[PDB]
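Q: Got protein37.cif for you, mmCIF, C-alpha atoms:
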data_my_file
#
loop_
_atom_site.label_atom_id
_atom_site.label_comp_id
_atom_site.auth_asym_id
_atom_site.auth_seq_id
_atom_site.Cartn_x
_atom_site.Cartn_y
_atom_site.Cartn_z
CA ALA A 1 0.00 0.00 0.00
CA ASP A 2 1.12 3.55 -0.77
CA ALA A 3 2.98 4.79 2.31
CA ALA A 4 5.73 7.34 2.95
CA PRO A 5 8.64 6.74 5.36
CA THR A 6 9.79 9.00 8.19
CA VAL A 7 12.57 11.56 8.60
CA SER A 8 15.32 10.22 10.87
CA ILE A 9 19.09 10.70 11.04
CA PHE A 10 21.70 8.85 13.09
CA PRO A 11 25.40 9.60 12.47
CA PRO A 12 28.33 7.30 13.36
CA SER A 13 28.99 7.09 17.10
CA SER A 14 32.21 6.32 18.97
CA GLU A 15 30.96 2.77 19.51
CA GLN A 16 31.83 1.77 15.94
CA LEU A 17 34.81 4.13 15.92
CA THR A 18 36.51 1.67 18.28
CA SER A 19 36.93 -0.59 15.25
CA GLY A 20 37.87 2.27 12.94
CA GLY A 21 34.58 2.46 11.08
CA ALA A 22 32.02 5.25 10.84
CA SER A 23 28.85 5.25 8.74
CA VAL A 24 25.58 7.16 9.11
CA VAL A 25 22.35 5.16 9.22
CA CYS A 26 18.89 6.41 8.25
CA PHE A 27 15.47 5.32 9.51
CA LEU A 28 12.46 4.51 7.33
CA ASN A 29 8.87 3.74 8.34
CA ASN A 30 6.28 1.46 6.73
CA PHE A 31 6.48 2.73 3.15
CA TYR A 32 6.02 1.37 -0.38
CA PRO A 33 7.92 -1.75 -1.52
CA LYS A 34 11.57 -1.96 -2.56
CA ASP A 35 10.67 0.67 -5.16
CA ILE A 36 12.56 3.58 -3.61
CA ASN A 37 15.84 5.50 -3.89
CA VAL A 38 18.09 6.86 -1.14
CA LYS A 39 20.98 9.33 -1.12
CA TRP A 40 23.34 10.95 1.38
CA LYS A 41 24.65 14.52 1.60
CA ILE A 42 27.30 16.21 3.74
CA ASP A 43 26.56 19.80 4.73
CA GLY A 44 24.41 20.07 1.62
CA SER A 45 26.97 18.38 -0.62
CA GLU A 46 26.21 14.96 -2.12
CA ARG A 47 28.97 12.48 -1.27
CA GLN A 48 30.83 10.46 -3.90
CA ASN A 49 28.57 7.81 -5.44
CA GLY A 50 29.04 4.55 -3.55
CA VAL A 51 26.88 4.29 -0.43
CA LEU A 52 26.27 1.00 1.38
CA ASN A 53 22.74 -0.38 1.11
CA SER A 54 20.82 -3.40 2.41
CA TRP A 55 19.06 -6.16 0.47
CA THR A 56 15.39 -6.51 -0.42
CA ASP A 57 14.27 -8.18 2.80
CA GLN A 58 10.71 -7.05 2.11
CA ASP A 59 8.04 -9.57 3.09
CA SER A 60 4.31 -10.18 2.68
CA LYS A 61 3.45 -10.38 6.38
CA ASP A 62 4.44 -6.71 6.68
CA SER A 63 3.37 -5.75 3.16
CA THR A 64 5.96 -2.97 3.37
CA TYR A 65 9.68 -2.18 3.22
CA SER A 66 12.23 -0.27 5.30
CA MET A 67 15.99 -0.84 5.39
CA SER A 68 18.87 1.08 6.95
CA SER A 69 21.15 2.96 4.55
CA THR A 70 24.80 2.97 5.61
CA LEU A 71 27.14 5.62 4.22
CA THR A 72 30.56 4.27 3.26
CA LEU A 73 32.94 6.37 5.35
CA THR A 74 36.07 5.80 7.43
CA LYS A 75 36.43 6.57 11.14
CA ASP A 76 38.94 9.40 10.82
CA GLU A 77 36.68 10.63 8.02
CA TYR A 78 34.00 11.34 10.62
CA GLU A 79 35.94 14.46 11.59
CA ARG A 80 35.51 15.97 8.12
CA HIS A 81 31.71 15.81 8.25
CA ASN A 82 29.53 17.21 11.03
CA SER A 83 26.15 17.62 9.34
CA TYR A 84 24.64 14.48 7.82
CA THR A 85 21.71 14.29 5.41
CA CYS A 86 19.50 11.35 4.42
CA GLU A 87 17.51 11.80 1.22
CA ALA A 88 14.79 9.35 0.16
CA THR A 89 12.53 9.21 -2.89
CA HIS A 90 9.64 6.79 -3.42
CA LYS A 91 6.50 6.46 -5.54
CA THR A 92 4.15 7.62 -2.78
CA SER A 93 6.13 10.86 -2.73
CA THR A 94 8.06 12.21 -5.72
CA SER A 95 9.68 14.86 -3.52
CA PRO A 96 13.00 13.60 -2.09
CA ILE A 97 12.69 13.63 1.70
CA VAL A 98 16.02 14.93 2.98
CA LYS A 99 16.70 15.11 6.72
CA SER A 100 19.78 16.97 7.94
CA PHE A 101 21.04 17.68 11.46
CA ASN A 102 24.13 18.88 13.33
CA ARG A 103 25.72 16.06 15.32
CA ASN A 104 28.68 18.18 16.43
CA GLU A 105 26.23 19.99 18.70
CA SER A 106 23.49 17.41 19.23
CA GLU A 107 25.46 14.16 19.31
CA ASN A 108 27.76 14.00 22.34
CA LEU A 109 29.32 10.58 22.90
CA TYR A 110 32.09 12.46 24.70
CA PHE A 111 33.48 12.09 28.22
CA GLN A 112 36.52 12.75 30.41
#
Would you mind writing the file's structure down as structure tokens?
A:
Amino acid sequence: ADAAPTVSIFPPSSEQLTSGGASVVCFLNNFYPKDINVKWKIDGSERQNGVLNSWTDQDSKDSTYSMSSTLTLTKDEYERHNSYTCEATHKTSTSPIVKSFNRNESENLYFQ
């Protein structure tokens, strides 16, 4: 059934940094089927083509789809970007839903 996802943004935390990795993950609600495109932007600048994506795990019991989009980025590369953006475009909504936020201020994950 025609349904639009939600606007969520979750940048890479220090948890994954421990391994040396850092990728932003987006959140999508019960929306149309696999039919949908997703993109990432840094401070309003689209990153180099090559973002990590999940597989079509869509099912019939849910009659919907929603996977987490991981942005291919290194740990030390997390210091070059502070504002993440998750753009999504489906059939239910032609307009690309882009959600941006400042983690440098919001996200803490810092201690003494």
Q: Could you list the residues chosen by the PyMOL selection byres ((chain A and resi 47) around 12) in this structure as number ranges by chain?
A: A: 39-46, 48-51, 71-73, 80-81, 84-87
Q: Given the choices A:68, A:110, A:56, A:101, which gets closest to residue 38 in chain A if the distance is worked out from only C-alpha atoms?
A: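 Closest candidate: A:68.
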Q: Rank A:11, A:53, A:27, A:2 by their smallest atom-to-atom distance to residue 97 in chain A, using all atoms listed in the file, and report the top residue only.
A: A:27
Q: What is the distance between CA of residue 99 in chain A and CA of residue 1 in chain A, in Å to one decimal?
A: 23.5 Å
Q: Expressed in Å to a single decimal, how great is the separation between CA of residue 60 in chain A and CA of residue 7 in chain A?
A: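 Going from CA of residue 60 in chain A over to CA of residue 7 in chain A, I get 24.0 Å.
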Q: Report the distance between CA of residue 24 in chain A and CA of residue 12 in chain A in Å, rounded to one decimal place.
A: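 CA of residue 12 in chain A lies at a distance of 5.1 Å from CA of residue 24 in chain A.
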Q: Nearest to residue 78 in chain A: which of A:52, A:64, A:14, A:37 is it, counting only C-alpha atoms?
A: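 Answer, going by the shortest atom-to-atom distance: A:14.
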Q: Using all atoms listed in the file for the distances, tell me which of A:57, A:15, A:35, A:105 is nearest to residue 88 in chain A.
A: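 Of A:57, A:15, A:35, A:105, the one nearest residue 88 in chain A is A:35, counting all atoms listed in the file.
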Q: Check the smallest atom-to-atom distance from each of A:100, A:112, A:29, A:66 to residue 10 in chain A using all atoms listed in the file, then report the winner.
A: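 Result for the nearest residue to residue 10 in chain A: A:100.
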Q: Mind giving me the axis-aligned box for range 20-28 of chain A with 4 Å on every side, centre plus edges in Å to one decimal, as lines of an AutoDock Vina configuration file?
A:
center_x = 25.2
center_y = 4.7
center_z = 10.1
size_x = 33.4
size_y = 12.9
size_z = 13.6
Q: Can you tell me which residues surround residue 75 in chain A at a distance of at most 7 Å, considering all atoms listed in the file, apart from same-chain residues fewer than 2 positions away, and format the answer as a ChimeraX atom specification?
A: /A:17,20-22,73,77-78
Q: Could range 36-60 of chain A be completed with N, CA, C and O atoms and written as an mmCIF file, in the coordinates of the input, please?
A:
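Once written, rebuild06.cif looks like this:
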data_model
loop_
_atom_site.group_PDB
_atom_site.id
_atom_site.type_symbol
_atom_site.label_atom_id
_atom_site.label_comp_id
_atom_site.auth_asym_id
_atom_site.auth_seq_id
_atom_site.Cartn_x
_atom_site.Cartn_y
_atom_site.Cartn_z
ATOM 1 N N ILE A 36 12.186 2.373 -4.328
ATOM 2 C CA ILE A 36 12.560 3.580 -3.610
ATOM 3 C C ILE A 36 14.063 3.840 -3.714
ATOM 4 O O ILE A 36 14.865 2.907 -3.731
ATOM 5 N N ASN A 37 14.434 5.114 -3.784
ATOM 6 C CA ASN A 37 15.840 5.500 -3.890
ATOM 7 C C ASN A 37 16.277 6.297 -2.666
ATOM 8 O O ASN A 37 15.485 7.030 -2.072
ATOM 9 N N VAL A 38 17.545 6.151 -2.294
ATOM 10 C CA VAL A 38 18.090 6.860 -1.140
ATOM 11 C C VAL A 38 19.448 7.473 -1.467
ATOM 12 O O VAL A 38 20.237 6.899 -2.219
ATOM 13 N N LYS A 39 19.716 8.642 -0.896
ATOM 14 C CA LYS A 39 20.980 9.330 -1.120
ATOM 15 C C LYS A 39 21.461 10.018 0.153
ATOM 16 O O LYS A 39 20.672 10.291 1.058
ATOM 17 N N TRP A 40 22.758 10.297 0.217
ATOM 18 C CA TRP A 40 23.340 10.950 1.380
ATOM 19 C C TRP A 40 24.052 12.242 0.980
ATOM 20 O O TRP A 40 24.630 12.332 -0.104
ATOM 21 N N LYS A 41 24.006 13.235 1.861
ATOM 22 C CA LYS A 41 24.650 14.520 1.600
ATOM 23 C C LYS A 41 25.368 15.029 2.841
ATOM 24 O O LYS A 41 24.896 14.848 3.964
ATOM 25 N N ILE A 42 26.514 15.669 2.634
ATOM 26 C CA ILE A 42 27.300 16.210 3.740
ATOM 27 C C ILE A 42 27.321 17.731 3.704
ATOM 28 O O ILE A 42 27.960 18.336 2.843
ATOM 29 N N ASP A 43 26.619 18.348 4.649
ATOM 30 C CA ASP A 43 26.560 19.800 4.730
ATOM 31 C C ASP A 43 25.925 20.392 3.475
ATOM 32 O O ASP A 43 26.202 21.530 3.103
ATOM 33 N N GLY A 44 25.070 19.607 2.826
ATOM 34 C CA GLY A 44 24.410 20.070 1.620
ATOM 35 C C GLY A 44 25.173 19.693 0.362
ATOM 36 O O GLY A 44 24.877 20.192 -0.724
ATOM 37 N N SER A 45 26.158 18.813 0.510
ATOM 38 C CA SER A 45 26.970 18.380 -0.620
ATOM 39 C C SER A 45 26.922 16.858 -0.768
ATOM 40 O O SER A 45 27.415 16.125 0.090
ATOM 41 N N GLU A 46 26.327 16.395 -1.862
ATOM 42 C CA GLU A 46 26.210 14.960 -2.120
ATOM 43 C C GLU A 46 27.589 14.300 -2.113
ATOM 44 O O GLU A 46 28.520 14.768 -2.769
ATOM 45 N N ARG A 47 27.708 13.208 -1.365
ATOM 46 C CA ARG A 47 28.970 12.480 -1.270
ATOM 47 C C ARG A 47 29.208 11.643 -2.521
ATOM 48 O O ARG A 47 28.277 11.347 -3.269
ATOM 49 N N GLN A 48 30.463 11.265 -2.742
ATOM 50 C CA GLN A 48 30.830 10.460 -3.900
ATOM 51 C C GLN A 48 29.944 9.223 -4.006
ATOM 52 O O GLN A 48 29.733 8.517 -3.022
ATOM 53 N N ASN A 49 29.431 8.965 -5.205
ATOM 54 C CA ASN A 49 28.570 7.810 -5.440
ATOM 55 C C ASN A 49 29.229 6.531 -4.927
ATOM 56 O O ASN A 49 30.366 6.222 -5.284
ATOM 57 N N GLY A 50 28.506 5.790 -4.092
ATOM 58 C CA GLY A 50 29.040 4.550 -3.550
ATOM 59 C C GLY A 50 28.660 4.350 -2.095
ATOM 60 O O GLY A 50 29.522 4.099 -1.253
ATOM 61 N N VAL A 51 27.369 4.462 -1.798
ATOM 62 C CA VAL A 51 26.880 4.290 -0.430
ATOM 63 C C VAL A 51 26.423 2.855 -0.193
ATOM 64 O O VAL A 51 25.867 2.210 -1.082
ATOM 65 N N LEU A 52 26.661 2.361 1.018
ATOM 66 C CA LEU A 52 26.270 1.000 1.380
ATOM 67 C C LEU A 52 24.761 0.898 1.561
ATOM 68 O O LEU A 52 24.142 1.755 2.190
ATOM 69 N N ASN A 53 24.176 -0.160 1.008
ATOM 70 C CA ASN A 53 22.740 -0.380 1.110
ATOM 71 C C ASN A 53 22.431 -1.827 1.477
ATOM 72 O O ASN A 53 23.258 -2.715 1.277
ATOM 73 N N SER A 54 21.236 -2.056 2.013
ATOM 74 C CA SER A 54 20.820 -3.400 2.410
ATOM 75 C C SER A 54 20.161 -4.127 1.245
ATOM 76 O O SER A 54 20.058 -3.593 0.141
ATOM 77 N N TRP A 55 19.716 -5.353 1.500
ATOM 78 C CA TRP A 55 19.060 -6.160 0.470
ATOM 79 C C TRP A 55 17.548 -6.100 0.615
ATOM 80 O O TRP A 55 17.026 -5.686 1.651
ATOM 81 N N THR A 56 16.843 -6.516 -0.432
ATOM 82 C CA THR A 56 15.390 -6.510 -0.420
ATOM 83 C C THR A 56 14.836 -7.576 0.515
ATOM 84 O O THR A 56 14.472 -8.669 0.083
ATOM 85 N N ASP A 57 14.778 -7.251 1.802
ATOM 86 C CA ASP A 57 14.270 -8.180 2.800
ATOM 87 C C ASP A 57 12.759 -8.048 2.953
ATOM 88 O O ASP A 57 12.160 -8.642 3.850
ATOM 89 N N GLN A 58 12.149 -7.263 2.070
ATOM 90 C CA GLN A 58 10.710 -7.050 2.110
ATOM 91 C C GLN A 58 9.963 -8.378 2.205
ATOM 92 O O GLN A 58 10.395 -9.386 1.646
ATOM 93 N N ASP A 59 8.843 -8.371 2.919
ATOM 94 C CA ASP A 59 8.040 -9.570 3.090
ATOM 95 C C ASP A 59 6.564 -9.284 2.830
ATOM 96 O O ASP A 59 6.184 -8.145 2.558
ATOM 97 N N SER A 60 5.738 -10.322 2.910
ATOM 98 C CA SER A 60 4.310 -10.180 2.680
ATOM 99 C C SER A 60 3.564 -9.936 3.988
ATOM 100 O O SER A 60 2.558 -9.227 4.023
#
